[PDB]
Amino acid sequence: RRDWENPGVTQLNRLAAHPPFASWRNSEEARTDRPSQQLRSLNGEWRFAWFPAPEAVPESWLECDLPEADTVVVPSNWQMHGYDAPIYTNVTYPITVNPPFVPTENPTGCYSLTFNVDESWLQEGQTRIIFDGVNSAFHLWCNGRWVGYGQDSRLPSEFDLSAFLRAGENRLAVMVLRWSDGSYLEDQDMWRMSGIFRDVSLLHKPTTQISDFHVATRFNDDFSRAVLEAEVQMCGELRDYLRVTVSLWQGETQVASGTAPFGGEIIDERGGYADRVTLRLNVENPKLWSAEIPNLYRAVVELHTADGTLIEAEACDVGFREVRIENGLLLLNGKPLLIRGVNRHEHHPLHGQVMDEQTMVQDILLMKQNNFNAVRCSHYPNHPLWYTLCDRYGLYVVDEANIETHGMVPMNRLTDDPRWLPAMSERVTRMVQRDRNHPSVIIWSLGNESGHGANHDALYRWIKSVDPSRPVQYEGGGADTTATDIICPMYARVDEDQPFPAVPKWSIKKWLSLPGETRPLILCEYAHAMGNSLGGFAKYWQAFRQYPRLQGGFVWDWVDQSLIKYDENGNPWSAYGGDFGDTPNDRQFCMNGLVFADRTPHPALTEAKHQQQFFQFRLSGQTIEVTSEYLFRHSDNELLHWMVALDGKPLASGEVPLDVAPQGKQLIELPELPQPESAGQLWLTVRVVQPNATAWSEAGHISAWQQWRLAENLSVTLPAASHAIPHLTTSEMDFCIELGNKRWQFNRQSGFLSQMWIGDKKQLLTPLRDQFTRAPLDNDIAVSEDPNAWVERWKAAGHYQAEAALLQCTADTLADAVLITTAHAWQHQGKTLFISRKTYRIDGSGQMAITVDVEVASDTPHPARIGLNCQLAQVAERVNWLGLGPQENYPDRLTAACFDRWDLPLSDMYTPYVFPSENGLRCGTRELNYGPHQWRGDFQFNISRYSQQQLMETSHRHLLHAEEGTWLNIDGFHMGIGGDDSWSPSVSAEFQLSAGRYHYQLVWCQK
Amino acid sequence: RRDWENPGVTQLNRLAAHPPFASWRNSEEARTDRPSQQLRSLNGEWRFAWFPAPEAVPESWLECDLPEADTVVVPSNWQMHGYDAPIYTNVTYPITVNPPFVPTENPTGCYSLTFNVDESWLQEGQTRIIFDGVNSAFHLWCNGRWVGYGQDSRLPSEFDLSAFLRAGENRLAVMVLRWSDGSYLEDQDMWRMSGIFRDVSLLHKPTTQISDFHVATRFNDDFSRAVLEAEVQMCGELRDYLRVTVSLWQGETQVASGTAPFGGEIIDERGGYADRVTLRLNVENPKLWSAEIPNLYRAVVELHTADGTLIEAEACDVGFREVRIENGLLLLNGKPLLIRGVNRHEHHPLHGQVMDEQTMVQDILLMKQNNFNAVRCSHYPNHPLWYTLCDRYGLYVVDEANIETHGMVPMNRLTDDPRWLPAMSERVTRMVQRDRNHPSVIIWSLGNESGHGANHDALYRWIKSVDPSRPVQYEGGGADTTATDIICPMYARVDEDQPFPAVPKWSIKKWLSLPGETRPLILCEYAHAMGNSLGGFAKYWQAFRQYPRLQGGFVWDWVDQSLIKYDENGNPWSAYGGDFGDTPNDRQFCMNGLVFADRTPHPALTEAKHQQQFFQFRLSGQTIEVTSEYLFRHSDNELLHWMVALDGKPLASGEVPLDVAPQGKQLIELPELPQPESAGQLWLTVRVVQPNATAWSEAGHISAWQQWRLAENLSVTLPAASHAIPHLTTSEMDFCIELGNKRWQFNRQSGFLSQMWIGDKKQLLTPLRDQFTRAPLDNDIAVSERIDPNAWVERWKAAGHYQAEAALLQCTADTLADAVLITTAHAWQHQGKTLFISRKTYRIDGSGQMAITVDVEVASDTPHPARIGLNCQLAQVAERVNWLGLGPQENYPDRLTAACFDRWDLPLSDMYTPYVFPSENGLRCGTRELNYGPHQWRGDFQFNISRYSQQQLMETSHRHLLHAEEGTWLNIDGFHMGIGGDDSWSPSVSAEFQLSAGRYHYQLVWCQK
Ligand SMILES: [Mg+2]
Ligand SMILES: [Mg+2]
Ligand SMILES: [Mg+2]
Ligand SMILES: [Mg+2]
Ligand SMILES: [Mg+2]
Ligand SMILES: [Mg+2]
Ligand code: NA
Ligand code: NA
Ligand code: NA
Ligand code: NA
Ligand code: NA
Ligand code: NA
Ligand code: NA
Ligand code: NA
């Protein structure tokens, strides 16, 4: 039958989809969500054998264990066990495009398990098997008899095994196909793996049973009263003595309860549903659910007889909340949301696509701790537990159908094709039937990157019809089609339009007001966090806050999809596309997250946390104005800490309790700030601290911060002039300067300071020279699978090959110092790119002041940076500076950083991006200390054991090796990093170094 | 595998749906729509064997002919060949409701065909087989190898046979299942049959071929300009040298033509369709298509190479027309339609569900001749030819998906179930892919009586998104759901609400104005024409004309679904439910048409033609004002004929040409109306006659008529003083009156006129007695499946109306100067209750006329009687019946608008209407004079006259079992109840036609001729 090559066959003998069941036979257990003896897990050790095609599978396997098989854990992705390679492809399908056919060589995973079933389960009732996730299609046999077939790798497939089992031992055999026609709908940008990768379980239900239940909550105008409506359906024999009781609890208190016999209201000329009933419960002053306060009730659904015998119980967590779009705004409990979201794929560096509770909880806590309030299930229904954690911890969720046909040409080839309507329809309907009772799901999504086809319109209407409680969104076909209630573009810019034909990406501000447009706009993906990125994040936040209808978005994306591999010596390392022999592949494009695969944060995570803060602040005089962005809670676990410092020197500080109602304001008046002991800039830093632990944070957590400059007292006092004067020695080869124990040597042919000595010690490994390039970032490279790419432009202009030419090198003696003047030109193929003019003035105090004036040809691409570099001979333990920090920060990604005195071990000054590049910069620095050296001015810098050259020649962080010494890059100016997208120029004009002429000054001295 | 018990499998290996193709290899043949050598029919004689279940089918059959097989004609329904019984069930499914399973005993038809294939069809290109209609599911093998499977009995299923055929002789084998999961969606109220009932053909296409084409026509604001857009898709290897030319013709004239290579515009981030192309043609002053003037153009789509070599051509007829709903009105070419529609099932009394062109033409002509302009495909896509005929003759069509799950409980159990979404979507999507280029289709329908489920909502939106050119309608779930653009109820009444819970049927006038309602309302079914019905039809038309948003409706329905059966002697008779041993069954409920199964009209048809007239008239003084309800054509084939008569006698008449623009008016003054010499009422009759024949009518066709009373001159001239005086003879048991050679006898114990003689010849077989009942009509019976105790027949029976016996109260005789007067009084009672009291006088004068005066009392608490009249069985039989009253056809109080007051003369048999299920029939109302044999009755009455007593009619279930009684039964009524018909399963006679006055008077004069 080749069911795996026919989109008209998506399953055989599969049971209806429905919300999570456990068939409790004790109501109390159901109330508290205790494990159910009737829901058994079949997870653990299974037998597995790999074959190259289904035709290669021996018939014997059906009845008996293959002695060649291995014992492996389930759930798992077979790739993770080494059976075949995982493939990383972004857009292009991993198999030839020839729907609905798949390759003849099709990796087949043959799983089996010998397990016990007690007579008790078979004497009465129904025993079904549930496979929560099988990638991509499979056939199932039990005790050698075929049972059924299934597709859609991201929803549960259930089969009735009642007629196939026997008491005692039984054997299941599952043949899993890697590719199937379902793969045409699973083209998400992620590793392509396969196997039985979600839980497998057995569930016993009685013959007369609860087969479905839907829960709804409706409110009066001010949410002071609600009606919970529970529709219950049964299967099995209708009898008048049957009853359904629905009880609602808030903690240990029962709020309401109602009971009724089956038999629904009249529906049409033929009557009503005699196998259903709707119970309605009034609830006064319900505690409402939100991501701010995830108040939950428990609904327990009992199927029982009138005499009072329980047949079975089902249940769920209920969050009383209304989601509606009104007047152009998305409202939650009548208030307009501000989505601080992130896209999150199911990825584990060791386990592949298998999810576990610990990782899920770790992700949600880091999300919450970083001011995220929402998550998009990019791009398929998640493991069931995700929803329960979101309901209980409090996150808004976008639940998305497992439909992505990005590699088709044009993109909607399948989605506009009625023959694909059935297959797509099951992806949407079964998701809704499974997840509709979760309060955390606030919006349904039709899938991702599958163009816009009629199938979409049909399905959009189906959902609107069956579940009016949530908006439906879909971005394909231009982000604003008839299949979406929300304008939900991906990578639309704040101010700049990207007018692509047919599917333009307008500036978000402009998009809201195009003629006739009235919907809210929430980006389904924005701020592509690949590598050293998130430049311009603040620009989005400023617009979201200014424009009512700009309600936020979902950053792309949470975690890097890197996988662990082992080197020849068994050490682990982070791998990406192509590292498994996979080809074609999309290399590093699989790593776009705010956190590394092990959950360590990248530096961008702090920028996101700060911009996503829930408290806004303004300063006037001595008055700090705090405004709350919360919609529902008061600041009942928050205090404000304030600190004032003079050039990093702590002056004073205080604490004030915060008592701000949602959307309210609080005025706090700072105490008299009595004169600073010396000159400099006073800085005010405020931090919102949570004194009490919560379910998602520890006592002391800081949730928000802000700084301002206060009074500045410029230094007008002079320097107690030199006890001495430096001496200059001139030679054809060099200009040497000596002062006490110091010596500086300027090479006359090169025109650079080539060596420095303190005592007998040489301070330099490589001379101090101008630098106008950087080890390109992922965004500079711009590839997702462009000669407009910054890297391309730079290379083409000769920026990385340019050679300095000496125009002038002279020495002069002043009354108290020695002054060296140089001028160099950087040229390429006759073209003068840059001209650097400098003066170095060494004085009686031993300080070397360097003044640099650079000219940039207006017609060369603006340079990545304008500074100097050198390789210091020494390797020191700490890096101390007065500037922004403590983490890495760049011009267009420095808002989260704070101006203060920071001191870190050298290593923290390096950000180990998997794909190495320029990294570790710190901006707005006025003082930098390392070893015996001190540099002063107003610059940006990075310091590490890796040169820019090495970083640009290395593909993987594990292959980096520390060089002799310490490479110092000190810049007067540095270009922003961009990141609106990672596959086109994305650095805003204001962060490009296009001024033509640049000036900067550094003071280098000892410590 | 049992694919016939799994709605997730509706086919295997079936090819995509598309509009009609013929793969012409010459463009001129495509232009002219001539036969294509690449399209072959496989209709004719095939081999067939019947089995009780698929399990009983021998494997040998795959390879070779079963000896046991018969040779039968295909297309056919196997029940019509006698292999098994057709079943007539209305709502209840014919199989136990246990979706998706079917009975294990599942009648299987094994059809096979040995035929030739030329090598030329195999050496290159693709050879596919096309089954236009297979009921209900089937597996296909070719030369013993399995090909595929298909469901949906009402759309074509195609398979590629290229790899299965060899030059020369080949054999196909088709195993057809009577029942399948598809049956759950085929519960329409009609005969349940099976087999290969529509055409089977072989189509040869080139490997590089036109695989689909869509034609759209958009207009400027005043339709003076249009753009023809043709989207073309191909299959095969793409090559830069390939081209598509689309040409538009108006007869022989090439109006426009454009050519382009393949490659559509960018659609999204991944590009456009390299395998498609859109050609855009400008058309100035296009001739527009309408049912009024079905102007058509021909679009020719050529797939060719740059050098000019034709690969193949496909084509269609194009009608430039726009359909839109605006401001609550359904507009065609910017004008609001008035739908004079009818529902039409595909039914033939000998061939079952098999359709032929002749029958189709016959239907269309009769439709057009009877002023219908639209048809609803109740309830599934029709044979493909139907659409071509409607495009060319001009009829508006509602194309309806084959989805009906009426028997479920509740009705939407499957349509609200996502698991049934796929099977349902195929029924909708494949219909649209097939029929979207036909101009006659103006509205799509999602099916019928399937409640309202989310699947509908989904499918409604799919259509709206793929084809914005036609509104979508669906009646299930209450007629005004979110899945319909049009309020389209079934059997909603004009003024009376039927407030059923959840799915009330409001009065149509009220429905339009419910809070927030704005859509147009067109009944998808109304005026149930079952038996003697269509009472109250004029009330619908008056409302449609008065309310802009009431845009008409589709009568239920065109033709009776009766089947032919043959008696002992081999004589044919019309059979209905149960007549084939089918059980359970819904008896006569399958006969609801305006015509008999053989196309002979029922009397109701004329009432429909008259109320559906396109010209309205008003009379003022000598002025006739004629208004045109046409929207597009001028009255260029019409003349007004007028005639004035005094009680049947023609005084004058004349003719005037009609020249009215659409929606215009014309005034015609009659010439000086020269007085009349005679008492009596002058009557004016006007008729609209089409002098020239047309594609759908013959010269002289009458399309409209109207009548008015003009002056009346009451007779004031006295009698004429009789020659002789009648003599009364009194005896213990009788009053006898003698005058000349005539005698009348009144029985003193009964109180009735028992005998009358002319000379020595007795004129009566049964005495003349009051009658208060009628042989119940189908509407009186009120059954659609279940008994309605509110049914009129039920009420009358319970009240004792058919059992009441006359009790004499008084019987006296008096002699007057010139006459004898008999006075009588009788009571009708039941269970000691007096139902009616009849008081009469009989006055017999010297002229021999007997004046009958009747005064009846009807108790207020008894149900209103069917009639208040007299009856008798005349001893003689006469050849003709002549009357001065309404006619010529049968007419009833609530269905007499089309009848005209005049002097009519017909053979007796025409005075009887042969309704398959017998009942009261053949009445004529408003009669002032009736002549039969030597008898003449005068007054103001309604009458019926025939060889069948009411008793017989009410005791016989089939017209073929009636026998002429001795003599002639005459029923003459002072009053007769309306017939009703708004529906036929509940009381449907409007108040105003009920005999509820309590006291009634009528008088008649019986005399000799
Ligand atoms: Mg399949
Ligand atoms: Mg226990
Ligand atoms: Mg055993
Ligand atoms: Mg993608
Ligand atoms: Mg099936
Ligand atoms: Mg029906
Ligand atoms: Na906003
Ligand atoms: Na990616
Ligand atoms: Na507080
Ligand atoms: Na690199
Ligand atoms: Na109207
Ligand atoms: Na019927
Ligand atoms: Na005329
Ligand atoms: Na009868």
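The residue numbers of chain A are those assigned by Swiss-Prot, with the residues present covering 14-798, 803-1024 sequentially.
How was it done? The header gives X-ray crystallography, 1.6 Å.
Any Cβ shown, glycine's included, is placed from N, Cα and C.
Taken straight from Swiss-Prot:
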BINDING   A:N103, A:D202, A:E462, A:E538, A:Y539, A:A540, A:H541, A:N605, A:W1000  substrate binding site
BINDING   A:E417, A:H419, A:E462  Mg(2+) 1 binding site
ACT_SITE  A:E462  active site, proton donor
ACT_SITE  A:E538  active site, nucleophile
BINDING   A:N598  Mg(2+) 2 binding site
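A:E462 (substrate binding site) has a Cβ environment of 23 other Cβ atoms inside 10 Å. Highlighted in sequence order, A:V104, A:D200, A:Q201, A:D202, A:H392, A:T418, A:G420, A:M424, A:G460, A:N461, A:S463, A:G489 have their Cβ within 8 Å of the centre of the Cβ atoms of A:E417, A:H419, A:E462, the residues recorded for Mg(2+) 1, and are not part of that set. Distance from the CA of the residue listed as 'Mg(2+) 2 binding site' to the CA of A:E462 (substrate binding site) is 19 Å.
Local packing around the binding-site residues A:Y539, A:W1000 was summarised as the count of other Cβ atoms within 10 Å of each Cβ; on this measure the leading residue is A:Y539. Counted over every protein chain shown, other Cβ atoms within 10 Å are most numerous around A:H541 among the binding-site residues A:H419, A:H541. Within 10 Å of A:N598 (Mg(2+) 2 binding site), counting C-alpha to C-alpha distances, fall none of the recorded positions A:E417, A:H419, A:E538, A:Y539, A:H541, A:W1000.
Cα spacing between A:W1000 (substrate binding site) and A:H419 (Mg(2+) 1 binding site): 16 Å, rounded to the nearest whole number. Here A:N103 (substrate binding site) is compared against the recorded positions A:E417, A:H419, A:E538, and the shortest C-alpha distance is to A:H419. There are 20 other CB atoms within 10 A of the CB of A:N103 (substrate binding site), with all protein chains counted. Around the residue listed as 'Mg(2+) 2 binding site', taking its Cβ as the centre, 23 other Cβ atoms fall within 10 Å, counting all chains. In sequence order, A:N356, A:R389, A:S391, A:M503, A:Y504, A:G566, A:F567, A:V568, A:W569, A:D570 make up the list of same-chain residues 6 or more apart from A:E538 (active site, nucleophile) whose Cβ falls under 8 Å from its Cβ. Listed in sequence order, the residues of the same chain lying 6 or more apart from A:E417 (Mg(2+) 1 binding site) and placing their CB within less than 8 Å of its CB are A:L198, A:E199, A:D200, A:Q201, A:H392, A:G460, A:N461, A:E462, A:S463.
Of the recorded residues, A:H541 (substrate binding site) and A:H419 (Mg(2+) 1 binding site) place their C-alpha atoms 18 Å from one another. Taking the Cα atom of each, A:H419 (Mg(2+) 1 binding site) and A:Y539 (substrate binding site) are about 18 angstrom apart.
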